[PDB]
Amino acid sequence: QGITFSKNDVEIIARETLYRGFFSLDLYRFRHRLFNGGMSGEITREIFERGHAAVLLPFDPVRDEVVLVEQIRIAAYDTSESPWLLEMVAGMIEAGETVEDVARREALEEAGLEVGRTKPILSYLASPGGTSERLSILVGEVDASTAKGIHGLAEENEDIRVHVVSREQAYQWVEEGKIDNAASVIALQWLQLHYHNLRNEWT
Amino acid sequence: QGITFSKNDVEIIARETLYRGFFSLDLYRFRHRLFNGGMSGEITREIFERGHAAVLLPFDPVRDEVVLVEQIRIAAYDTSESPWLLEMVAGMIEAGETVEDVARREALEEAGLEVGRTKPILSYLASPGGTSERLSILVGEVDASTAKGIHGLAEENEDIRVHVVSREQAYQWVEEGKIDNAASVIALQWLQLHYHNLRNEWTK
Ligand SMILES: Nc1ncnc2c1ncn2[C@@H]1O[C@H](COP(=O)(O)OP(=O)(O)OC[C@H]2O[C@H](O)[C@H](O)[C@@H]2O)[C@@H](O)[C@H]1O
Ligand SMILES: Nc1ncnc2c1ncn2[C@@H]1O[C@H](COP(=O)(O)OP(=O)(O)OC[C@H]2O[C@H](O)[C@H](O)[C@@H]2O)[C@@H](O)[C@H]1O
Ligand SMILES: [Mg+2]
Ligand SMILES: [Mg+2]
Ligand SMILES: [Mg+2]
Ligand SMILES: [Mg+2]
């Protein structure tokens, strides 16, 4: 039957900026209905506010190939063998921009790729106990033979290497833990569940 | 093939805690190798530090059912129709605890569930451009006929309702966007790809 309560059932009293820099950390102060029939007291939660993202799975349906991008993610350092990760094309959505416009711009800047047809995959909350970030994933039709080399915007300290693999190879890398960031895991699991119909639609 | 550079190829010059409360915001300052050769200059990144988590997908292989937990996640408010989400059992890992230890404890606290066997699913970085958080997912064998009621630790303002649905319904809710938090999407997509073998393994 689904969830129990709606926005009618919670009041955000205030939000307090705990840190303001490139990103923000806010204290949300709120009350909400309880499953037992009552109202909570005032609850506070620290929430990391960093905007929202567009993610592109670049899929070549003729060749059954996936384009990955490699770059350092320093936050991965403490729990990973290397901070260089294999990821999906992705970037932050600015005010007034569409998910698909960001995906196309990032595909060109990060992988030198033009994108043909697109379809939505899924839009997800990265970690909603502590961050508001939502990421909207699209699959985009590409010619993987045009995906190669070193990209990224140097002026933003963005250094990116393109890798092309077969779809099955990419999914094996997920199973083995060689690809282990949420956006790429979600996109490539979706692709494993939908590739037959998608290849038929696009060929 | 695979990735190009290792930990030897980056120098973390310093870290600085910019805010500390329940969680922390750290500034990492570092230099790293470039693909075309040479080292970068000094780069700084703001990183949300909140520790790491264990996640449990409660699956009943006899009934082909999943147990979901519902609770408010106020951070979902601004981009969702409701901040109450349908999710996996999950909790933070404290020092010296294993993923499995935490998953089993949270299954009891959050859903009243005893867990039989467990198997690893995947361990993932939630959003590694801006947070260090890693979540390690297990699938856990449960009797979904025992899953009911309101749970959570009230001392922590944790109010949780249990829901039981078919695997197929849970997956359709992923496809429809009714379940849209990363841990649940990853776990339920994994289940959709592996359930036939898993049910055979656990009903022998
Ligand atoms: N943002 C916060 N600010 C302050 N206190 C908090 C916060 N989050 C939790 N607490 C306190 O800590 C207690 C337990 O936190 P719980 O509410 O069970 O969140 P989890 O443990 O399932 O989060 C685990 C994962 O799933 C989620 O998606 C997260 O994003 C993680 O990825 C609460 O009772 C609070 O008092
Ligand atoms: N933590 C940071 N601190 C400071 N500056 C930053 C930080 N992160 C990025 N910049 C600056 O912002 C610029 C690019 O940041 P964006 O638009 O987010 O690119 P992306 O791919 O990183 O984020 C998209 C998500 O896609 C994937 O799914 C991951 O989850 C990613 O987070 C860089 O020039 C940096 O200088
Ligand atoms: Mg990017
Ligand atoms: Mg970019
Ligand atoms: Mg929890
Ligand atoms: Mg808990």
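What the entry reports as its method is X-ray crystallography, with 1.40 Å given for the resolution.

Visitor: Which residues make up the interface of chain B and chain A, and what values do they have?
Guide: Taken together, the 82 residues of chain B in the interface contact 82 residues of chain A. With eight residues, helix α3 (residues 182-203) of chain B is the largest single contributor of residues to the side of chain B that touches chain A.

Visitor: Hey, could you go over the coordination of the magnesium ion (ligand 5) for me, with residue numbers and the actual values?
Guide: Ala90 of chain B (O) and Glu110 of chain B (OE) make up the full set of protein donors to the magnesium ion (ligand 5), lying at 2.2 to 2.3 Å. With relative accessibility at 2%, the residue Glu110 of chain B sits in the buried group.

Visitor: Account for the pattern of salt bridges, with residues named and values stated.
Guide: Residue and element names in this part refer to chain B. The final tally for this structure, using the stated rule, is 30 salt bridges over all chains. With a closest N to O distance of 3.7 Å, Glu133 and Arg50 form a salt bridge. Of this pair, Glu133 sits in the loop between β8 (118-125) and β9 (134-141) while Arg50 sits in the loop between β3 (43-49) and β4 (53-60), and the two are 83 residues apart along the sequence. A relative accessible area of 4% means that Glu133 is categorised as buried. Each of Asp64, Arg167, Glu168 and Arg199 takes part in salt bridges that share partners, so that together they form one network.

Visitor: Tell me about the nonpolar core, and name the residues and values.
Guide: Ranked by size, the top nonpolar core spans 61 residues in total, and within it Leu57, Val66, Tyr124 and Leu188 of chain A together with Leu57 and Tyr124 of chain B carry the most contacts. Counting residues in hydrophobic clusters, the runner-up holds 18 residues, among them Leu56, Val67, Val142 and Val162 of chain A.

Visitor: Please set out the coordination of the magnesium ion (ligand 3) residue by residue, giving values where relevant.
Guide: Residue and element names in this part refer to chain A. At this site the magnesium ion (ligand 3) is bound by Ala90 (O) and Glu110 (OE), with donor distances of 2.2 to 2.3 Å. For the pair the magnesium ion (ligand 3) and the magnesium ion (ligand 4), the metal-to-metal distance amounts to 3.4 Å, and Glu110 bridges them. One end of the pair, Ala90, is in strand β7 (residues 89-92); the other, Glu110, is in helix α1 (residues 99-111), and 20 residues separate them in sequence. What makes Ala90 partly exposed here is its relative accessible area of 22%.

Visitor: I'd love a proper account of the site of ligand 1, names of residues and values included.
Guide: Looking at ligand 1, there are 16 residues lining it, with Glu46, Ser127 and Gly129 of chain A together with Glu133 and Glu156 of chain B nearest. At the site occupied by ligand 1, nearby residues are drawn from chains A and B. Between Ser127 of chain A and ligand 1, the recorded distance is 2.7 Å, taken from a side-chain N or O atom to an oxygen atom. One of the backbone N or O atoms of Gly129 of chain A is found 2.9 Å from an oxygen atom in ligand 1. Considered on its own, ligand 1 offers 680 Å² of accessible surface; in the complex 85% of this is hidden by protein. Of all the elements in the fold, those that place two or more residues in the shell around ligand 1 are β3 (43-49) of chain A together with β7 (89-92) of chain B. Here the residues of the shell around ligand 1 are counted per class, giving five nonpolar, four polar and seven charged.

Reading guide: rules and limits
Residues numbered from 1 in each chain as written, not as in the entry; some residues may be left out. Chains lettered and ligands numbered in written order. Heavy atoms only, no water. Residues with missing side-chain atoms left out of burial classes, pairs and counts. Contact = heavy atoms within 4.5 Å. Helix = DSSP H or I, 4+ residues; strand = E, 2+ residues; numbered from the N terminus. Donors = N, O, S within 2.8 Å, 3.2 Å for Na, K, Ca; no water. Buried < 20%, exposed > 50% of the residue type's maximum accessible area, 1.4 Å probe, protein only. Salt bridge = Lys/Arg side-chain N within 4 Å of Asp/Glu carboxyl O. Core = buried A, V, L, I, M, F, W, Y, C linked by side-chain atoms within 4.5 Å. Near = heavy atom within 4 Å. Polar contact = N/O pair within 3.5 Å; in protein donor to acceptor, adjacent residues only side chain to side chain. Areas by Shrake-Rupley, 256 points an atom, 1.4 Å probe, with all protein chains shown as cover. Nonpolar A, V, L, I, M, F, W, Y, C, P; charged D, E, K, R; others polar.

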